[PDB]
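First comes the structure, then the notes that go with it.
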Amino acid sequence: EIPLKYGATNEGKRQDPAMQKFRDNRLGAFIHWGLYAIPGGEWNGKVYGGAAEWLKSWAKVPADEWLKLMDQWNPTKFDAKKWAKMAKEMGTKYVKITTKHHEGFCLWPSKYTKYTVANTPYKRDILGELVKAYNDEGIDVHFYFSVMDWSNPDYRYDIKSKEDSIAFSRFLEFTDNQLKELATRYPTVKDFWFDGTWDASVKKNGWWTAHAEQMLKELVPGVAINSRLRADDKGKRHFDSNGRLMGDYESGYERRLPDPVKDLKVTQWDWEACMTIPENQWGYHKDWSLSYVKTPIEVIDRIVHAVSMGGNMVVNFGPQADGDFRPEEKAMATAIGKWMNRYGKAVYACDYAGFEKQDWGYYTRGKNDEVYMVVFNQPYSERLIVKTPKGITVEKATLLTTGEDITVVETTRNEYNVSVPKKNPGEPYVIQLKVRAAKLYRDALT
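With the deposited numbering applied, the sequence shown corresponds to residues 35 to 473, 478 to 484, in that order.
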C-alpha cells in the first residue's frame, strides 16, 4: 500500500456518542441562503436554467458587481423561530446551514472579510439567530462551508506558479481564521460539511485538509467532518490512495443514491446523502417550471432508501430573499412531517437490516433488532415476499400504525409471504417484524 501522511485517520465507524447522535438523527434539512436568493436565477432580464447559487458563473458577473447585492440584502420576513418550527414539524432532527457559499458572502459577522451580513441593511447575525432557534427546538446544527471563495482574490483554482503558492497560502490562513471563528463563536455546532474543495489547488494541499479536520476536532469535542473536505498526499479525494475513507462520513451521493443490490459496500461506513426538490436547484430559483419537481412520496422514497443502506438523508430548501420559504417547500415539509409522524419509528435510529432487497420497498432495522418493512409498491399478489438471512426466522408481523396482527406464511426455508393489510393504507406504510435467531443536465461536482 501507498505510504501516506494525510490519508485516513478513522479505522471503522466512529462509535462515540456524538457520532451515534449524528447517525441516529437520520433525517436533516439543508438550507441554502445567500446573495443568490436576490436575483433567483435571473440576471439582466435573462433566466438561466443552471443552479441559481451558481448564477455569478452562468451570467459572468464580476466579483465587485455580484457582491453589490449586499445593498439589497434585507430579508424583512425572516423569523428564526418560524424556521425552526418548520423544521420541527417536518420531523428533521438536524439542519445544515450555508455559512458561506462560493460567492463568499458570510451569514455571520466575520471579522475577516467585509462581505458579511453585518454590512447589509439588515445587519443581523442570521447564523447566530438560526443556531439559537434550531437548538431551542432540540435540533442539531451543522455548518456548510465553501472553501472556494469567489470574493477573495487570493483564491486559486490551481497552483501553477510561485505567486500562486504564496497567494494560496494566505488564502488558507484566511480560511482557518473563518473556521476557528465559526467553531468558537457557535460552539454547539455538531458538524462541518465542506464544499468547493475539488479544485487542483486544494488537491495539491492535502496536508491542509487534514490539518483543518484536526483543528476543528480539537476546538469542538465530537464534531463530525465530511469526506468532501479531504484530499490525501497524492491529491486523491474522499477516499485516500489506499481506498480508506477520510473524514467521518462519506459525502458524495448528491442527487443520487447507491444501488440497493450492487452497492452494499456503503454499509461499511457512515454516509450522508443530500438531495434537491427540483432536478438541480439548491439556492432560490424563481422558476421551478424549468425542470421536474419531486412529489413528497418521491422524496420519502429517497429518505427511506438512504436509511435502508445505513445512511442519512438531507433534503434541501432554498429560502426566498425576503426570508420566507416558497409555497412548494412549505407543502413538502408539511407532507414529509405528516408521514414521519406516522412512520418515523422506521427511520430514526434505524440502519441497514442485512436482508436481500425485495421489490415492494425497503427494510430498515431498529436499535434493538426490530425489522421494518417500508412498502412503496403494493403487490397485486397481496403478498409481500420476505427472504431472511441464514439462521433468522420471522415470528410475527404487526401493522405499525394500528398495531394489528399481519398474517405470516412460510413458503420455504428462509422465505415468507407477509400479507398486505386487509385495508389498503393508501400511502407508503410500515409493517414491523419480530425476528429471531433460528433453531440539458449537469452532473454533481463533488
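By construction, the Cβ of each residue, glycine as well, lies at the ideal position given by its N, Cα and C atoms.
Tell me, please, which residues DSSP counts as bridged to residue i.
i: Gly345; result: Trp305
i: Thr432; result: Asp439, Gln466
i: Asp174; result: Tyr128
i: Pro312; result: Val327
i: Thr150; result: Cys140
i: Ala258; result: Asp225
i: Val452; result: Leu418, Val442
i: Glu288; result: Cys308
i: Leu279; result: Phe273
i: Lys134; result: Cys140, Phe179
i: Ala471; result: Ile426
i: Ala265; result: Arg271
Measuring CB to CB, does residue i end up less than 7 Å from residue j?
i: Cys308; j: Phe64; result: yes
i: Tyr178; j: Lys130; result: yes
i: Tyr82; j: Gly75; result: yes
i: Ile465; j: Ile440; result: yes
i: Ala369; j: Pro330; result: yes
i: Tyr189; j: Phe208; result: no
i: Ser235; j: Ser261; result: no
i: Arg60; j: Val338; result: no
i: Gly230; j: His319; result: no
i: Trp142; j: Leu161; result: yes
i: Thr445; j: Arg376; result: no
i: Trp77; j: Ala97; result: no
i: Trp303; j: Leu279; result: yes
i: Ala114; j: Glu163; result: yes
i: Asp266; j: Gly62; result: no
i: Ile72; j: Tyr128; result: no
i: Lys468; j: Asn448; result: no
i: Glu306; j: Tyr326; result: no
i: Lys238; j: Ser180; result: no
i: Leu101; j: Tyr149; result: yes
i: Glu429; j: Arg470; result: yes
i: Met120; j: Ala367; result: yes
i: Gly371; j: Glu123; result: yes
i: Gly281; j: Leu263; result: yes
i: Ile259; j: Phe226; result: yes
Note down, in chain order, each residue of its chain lying with its Cβ closer than 8 Å to the Cβ of residue i, except the 5 sequence neighbours on either side.
i: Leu483; result: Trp232
i: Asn411; result: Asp393, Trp394, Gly395
i: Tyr146; result: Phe208, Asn211, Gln212, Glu215
i: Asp50; result: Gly256
i: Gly388; result: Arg399, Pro423
i: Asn186; result: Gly138, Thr147, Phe205, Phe208
Output needed for residue i: all residues of its chain with C-beta closer than 6 Å, excluding positions within five of it in sequence on either side, in chain order.
i: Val443; result: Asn451
i: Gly357; result: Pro109, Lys111, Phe112
i: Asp385; result: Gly344, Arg399
i: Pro353; result: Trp67, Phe359
i: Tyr406; result: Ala380, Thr398, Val464, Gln466
i: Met374; result: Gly125
i: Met182; result: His136, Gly230
i: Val341; result: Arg60, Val381, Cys384, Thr398
i: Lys47; result: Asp304
Indicate whether at least one CB of chain C lies closer than 7 Å to the CB of residue i.
i: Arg470; result: Checking the listed chains, one finds no chain C in this structure; it contains a single protein chain.
Counting only the same chain and skipping the five closest in sequence on each side, list residues whose C-beta sits under 7 Å from that of residue i.
i: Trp322; result: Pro312, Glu362
i: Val165; result: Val175, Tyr220, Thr222
i: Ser453; result: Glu416, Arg417, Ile440, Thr441
i: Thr301; result: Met343, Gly344, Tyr386
i: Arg336; result: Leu291, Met309, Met347
i: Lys39; result: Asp267
i: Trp117; result: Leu164, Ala167
i: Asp170; result: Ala118
i: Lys391; result: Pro294, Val295
i: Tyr414; result: none
Within 6 Å: the Cβ of residue i and any heavy atom of the ligand NAD?
i: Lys372; result: Summarising the ligand content, the structure contains no ligands, and the ligand NAD is consequently not present.
* Answer yes if the region 298-315 comes into contact with the region 347-364, meaning at least three C-beta pairs across the two stretches below 8 Å, and no otherwise. => yes
* Pair every Cβ in the region 97-105 with every Cβ in the region 189-207, then say whether three or more of these pairs are closer than 8 Å. => no
* Asked: Given 8 Å as the limit, is there contact between the region 314-331 and the region 251-262, that is, 3 or more CB pairs closer than that?
  -> no
* To do: At 4 residues or longer, and completely inside the region 42-118: list those alpha helix (DSSP H) runs for me, N to C.
  => DSSP runs (the alpha helix (DSSP H)) wholly in the region 42-118: 51-59, 89-92, 97-101.
* Would you list, in sequence order, the uninterrupted beta strand (DSSP E) runs of no fewer than 3 residues that lie entirely inside the region 341-426? => Runs found: 345-351, 395-399, 405-409, 417-421.
* Asked: For the region 185-252, which segments carrying the beta strand (DSSP E) assignment without a break, of at least 3 residues, lie completely within its bounds, in sequence order?
  -> Counting whole runs of 3 or more residues, the region 185-252 contains the beta strand (DSSP E) stretches 225-229.
* Asked: Between the region 268-281 and the region 289-296, do three or more beta carbon pairs fall short of 8 Å?
  -> no
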